Amino acid sequence: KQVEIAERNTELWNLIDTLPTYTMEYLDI
Amino acid sequence: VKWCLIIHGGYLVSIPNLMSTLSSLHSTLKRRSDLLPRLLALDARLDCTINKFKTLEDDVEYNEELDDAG
Amino acid sequence: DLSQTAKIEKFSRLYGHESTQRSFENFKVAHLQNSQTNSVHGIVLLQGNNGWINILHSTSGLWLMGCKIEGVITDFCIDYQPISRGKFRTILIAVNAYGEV
Amino acid sequence: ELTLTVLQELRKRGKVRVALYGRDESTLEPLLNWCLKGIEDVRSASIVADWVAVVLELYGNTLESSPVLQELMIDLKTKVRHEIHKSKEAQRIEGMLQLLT
Amino acid sequence: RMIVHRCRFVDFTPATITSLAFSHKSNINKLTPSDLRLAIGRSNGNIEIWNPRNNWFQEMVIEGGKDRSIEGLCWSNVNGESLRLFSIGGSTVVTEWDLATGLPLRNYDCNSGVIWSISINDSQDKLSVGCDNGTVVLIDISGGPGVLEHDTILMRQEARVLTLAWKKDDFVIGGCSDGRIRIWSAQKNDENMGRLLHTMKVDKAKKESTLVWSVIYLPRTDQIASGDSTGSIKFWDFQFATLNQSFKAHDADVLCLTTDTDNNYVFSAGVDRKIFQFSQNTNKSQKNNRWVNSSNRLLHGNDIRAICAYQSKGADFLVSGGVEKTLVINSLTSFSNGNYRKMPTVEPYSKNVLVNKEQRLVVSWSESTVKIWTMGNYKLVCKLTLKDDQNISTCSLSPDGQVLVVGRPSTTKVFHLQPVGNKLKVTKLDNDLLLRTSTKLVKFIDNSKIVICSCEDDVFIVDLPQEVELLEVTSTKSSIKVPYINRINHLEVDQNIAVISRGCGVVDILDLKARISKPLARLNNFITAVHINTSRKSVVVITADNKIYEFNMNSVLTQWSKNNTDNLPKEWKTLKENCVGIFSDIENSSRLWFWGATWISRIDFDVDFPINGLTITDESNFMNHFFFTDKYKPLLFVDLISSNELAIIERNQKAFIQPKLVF
Amino acid sequence: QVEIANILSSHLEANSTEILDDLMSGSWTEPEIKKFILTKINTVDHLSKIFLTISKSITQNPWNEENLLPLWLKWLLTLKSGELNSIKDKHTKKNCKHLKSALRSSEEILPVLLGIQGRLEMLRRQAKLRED
Amino acid sequence: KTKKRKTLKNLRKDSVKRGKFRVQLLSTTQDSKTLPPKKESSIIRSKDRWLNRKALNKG
Amino acid sequence: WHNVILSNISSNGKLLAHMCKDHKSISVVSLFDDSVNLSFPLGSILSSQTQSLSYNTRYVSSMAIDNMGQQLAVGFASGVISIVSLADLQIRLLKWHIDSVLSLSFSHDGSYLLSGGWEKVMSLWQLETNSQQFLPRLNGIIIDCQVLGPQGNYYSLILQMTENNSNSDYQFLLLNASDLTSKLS
RNA sequence: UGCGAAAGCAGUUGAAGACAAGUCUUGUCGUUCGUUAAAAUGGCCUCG
């Protein structure tokens, strides 16, 4: 269980450390 | 290496010296272990990008020469 | 320059004009008077690959000026024309194998 | 080893992002191919690590639009994961060896 | 909220700029002439004439043909004569153009090799033609417009003549493909007539051939400025024919050269995308006759084929163009320090695409090929290929869309379109009247009737000719110098009412049934857009200065125009790109849509607005409720499909590598 | 799931202290975690609150067996990193450091931990072999 | 249609051989006057090989 | 003169040039005579692009005055050198340095410009053709540059060895113009 | 910025003055007091 938790917390630490040719729209005026 | 040490663990204990006769094993092993801390950091960042993107005329052709000919 | 040892200096630097020159084999030394300051210093003249003449400072070796003629440069010579008391001008005379000077 | 040096040369010169700015998948795939192999080597693994981190940080958007770069990078996750295991058993062997003594 | 169809499946590529030429010799003391113009040569054979006044607006365009280009452009400006333009098409022909019609006024065979270069002498009565066979041909033009005669042949030599320059009317200076500059004597009454007095050789690349691309004469100090393939610029003494200074400056070919009026500045450009500035302003430099390389600037993404210079009391222009297909303008005096403008690649003064509200059809015609798309997501229902070499000038589609008319200067052809199997069946309707008819402009009155303006500006109605009377225009000195200003530029047909605008600012209302012409307006500026609104019974006219004028169709001007012409928003005035297209709003007739190359605007004409450098200063005369958006750009064409639907059509080469250092 | 998502949304708007209870609810599944973050976390304020609640809990007990609280932070970071660093709250930065420090220990702990797993997997097989 | 495209290519021939004497087709003189002077292909190609030269590093 | 920010004297020692805030203006004066007395704002020389860009582009790090007084070189933190003709205030841009240029000095005849900076490379600018000769891999960054001789036989150079942040380590080099070899370190 | 080991553990940023921009609101400082407190196309000789 400790191994799983520690590897997990490792992943979390590393996480913390880290045009179309045609488009279709409808504009307001 | 694991099975060699596992089965003959009792025999190895009753040996006058281990480090001198197994110096290469420790040195060789030690180098691999040093990879683990950094290498985990790479999987995280590697996993970060991995999750990010993973979740994220001839038929109508008309020609005048060709029509004129037939 | 001018006895235990010889004071010898080695001129190697053309300052970006290395292409025009392939050798120092043909050269001559002349006197150039800087009229703006009235100072006089030596100059080394060289023969270039294509009608080129390279002029170097005698002591500092700095590339001062260069002269170009049409055709293969065959020979050159220096003439001095006095102007006034203490004033003279140096003229470079260069010729092509055909005879244009 | 010659490959490792030049990469080791660029990093100490402080030129990593500089060398990776003007690149696309076509000229980026050769970079990763060695990285697919370098991660296995102990000596180059840490060096491989630095260069893969920057390119992912520098070319995240291109990776989404580039399919091939993904597959190059998918196999990296498998291999790098394998190296995690190999080191993990090593640490297991180290402690038990320490237990024997 | 209002629908937009942002479309980029329509693609137009401008031809690479090949030659540039200003119409007048620079005179710093004198004011800018009203007739100053710039001609631009294109790799597709099109010649574009632009006006440096009111920012830059394109007065007229000469349409090219298939497999055609312009490799050299040359003007002749004789006092009291119409402005004359001459072009070289890469063959053994010199073409003089009818500016009034835009057609080739005269075609003259040089009786020699393929033409590489063209130049005109100081007195402007002779042309020099550089040929592939190394022959230089001298052509007399003093006879008159359209008059071309063989004068004299300079000695034939074996090297291609890549460029030509003149020294007054006495000598011809030519750069050759053997890395060798040649000076010929053009002095008549001289035993050395046509004789090759001196001939200079540049430094030659060891492992490559050396080409002298450009040569320019410098009257003030009397030298020749030469650029070759090696990237070096050399300055030569004319009288002795000797090298004065050399600058190994460019890393690639130097293709073009130019100088200022006073010969204090020499400007070079080429493949390396940089423009180099050579200076001799300093008095000591002038006394010592020594040039100095002041600076360089990287402004183009690709090769700079053409460079030209102009100066006047109110003008100071350095205009550059090339493979990038765009114009870059800079100040000669402040090249190093002055601001620059990059002209848009496409400025749609002439509309090459149309949108049909009925059937939702988008039709584009490029290079004698017409493509039709349908929007419901877009399908190319039909594409049409035409045989004639001449490009399509204009295309008009009937309101129903069944009848499509394709117009060219040579001929006009009508093709009927029938929808079968989500595709359009094309059938060419035979009309002899239209086939032998030149079509500058063509609009539909209805599904059947059409109004056509000929290249000769003969307006008539064809039913699928009922000629329409046109008011005569008083001749002016500017009209004599520039013929096409008096020609019809914009025609518009709206509910039987036809409006025509000329480049001189004359606007007339035409009643098609009555076939009678009544004057409407006489504006001081070139007209860029015209629109007729039936609901308000007014005509909207936009000048080159982006002023909006609304005239009642019979007060001459509407009350809105009287109140809002000088009170336009800041955005309209600040625009350096002139308006080119106007279309109404279906939902509200009063509202009108106005768009340029890079902007779209809507103005409500029932509401009055709150009162609250690189172009000619324009000291001289030209002759003699609110929505604004720039988010869409560059804009090929804008219009409505339905009441709430907008169609916006937008535009979607290896180059010399110049690394950008980064730390 | 939908009910709890609405309850969590209401609590986020109401500044309720029961946000932690909503997050730890067992009805949540990983795809719903992605769906909620993408579609319901549209305001920077809500994003900060969820991060602050999760960070404080994990900081206090990084060794909790409940994988859910870590499960949230994974995609909250993965999917909203650009918005998270955009947050300029000083307290948010401090909690990140506190979380960064609380996590930081574990990575030091793991290399010692894995070897000691090895010693146990070792000691078993001899005991099994001795039994056999 | 590839078959017909060859037929059109066969159609556009201004030259055929009969007996011992070649024959060449004449286009109308008035048509040639109307057509523009056109370009030479070699002059453009000579430019093109120059525009694509190694020294330019166009790349 | 008041609020003098930067000052220099000609190689002969008879002309001074100095910059003041009376943003800034540069003025040159003859010392023993009244022949030279000129002044002009720095903005005139400064480019419009320089004005648009950061202050490093507008910040001057060095200046040299020619002996006769026609040419004045101004260096910039960006590494740009601009030689100004005082007769007509015409500007000429010489830029090879990538960092702030730390030393500028005109030749006795004025045909050459000596430049040095953070690059640790001495640059001899040949003005008639703007060519450049280089002396790289010096021991330290260049603080100062001077040509010392009736004929410019020797060059005096000043090195900082900036690596040592604790102390400023000045080293004085005298180089032979003939072969550009260390005559006295 | 302080202590400490490298790990880390604690804490820190304010008052003016002058100028530039918009048109009263913002920026900057070869200027003061106080607090432990990216980017002007610009790369490094010759001596074979």
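Going from the start of the chain as shown, residues are counted 1 onward.
If you're wondering, the header gives electron microscopy, 4.7 Å.
Quick reminder: no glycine exception, Cβ is built from N, Cα and C everywhere.
Outside the repeat 'WD 1' (E:6-11), and at least 6 residues removed from its termini, the chain residues within Cβ reach (under 8 Å) are 353, 362, 364, 371, 373, 375, 378, 380, 632, 636, 647-652. Feature annotation from Swiss-Prot assigns repeat 'WD 1' to E:6-11.
Annotated repeat 'WD 2' per Swiss-Prot: E:103-140, in sequence order. Under DSSP, the residues of the repeat 'WD 2' (E:103-140) split into helix, strand and coil as follows: 0 helix, 23 strand, 15 coil.
Counting residues per DSSP class in helix, strand and coil order gives 0 helix, 24 strand, 13 coil for the repeat 'WD 3' (E:149-185). The annotation repeat 'WD 3' is assigned in Swiss-Prot to E:149-185.
Sequence-distant contacts of the repeat 'WD 4' (E:201-237), counting only residues of its own chain at least 6 positions beyond either end whose CB sits under 8 Å from a CB of the stretch, comprise 162-168, 173-181, 243-259, 262-264, 266, 268, 270, 272, 276, 278, 280, 286, 289, 291. Per Swiss-Prot, repeat 'WD 4' is recorded for E:201-237.
According to DSSP, the repeat 'WD 5' (E:242-279) comprises 0 helix, 25 strand, 13 coil. Summarising the annotation, Swiss-Prot assigns repeat 'WD 5' to E:242-279.
In the repeat 'WD 6' (E:381-416), helix, strand and coil residues by DSSP number 0 helix, 20 strand, 16 coil. The repeat 'WD 6' annotation in Swiss-Prot covers E:381-416.
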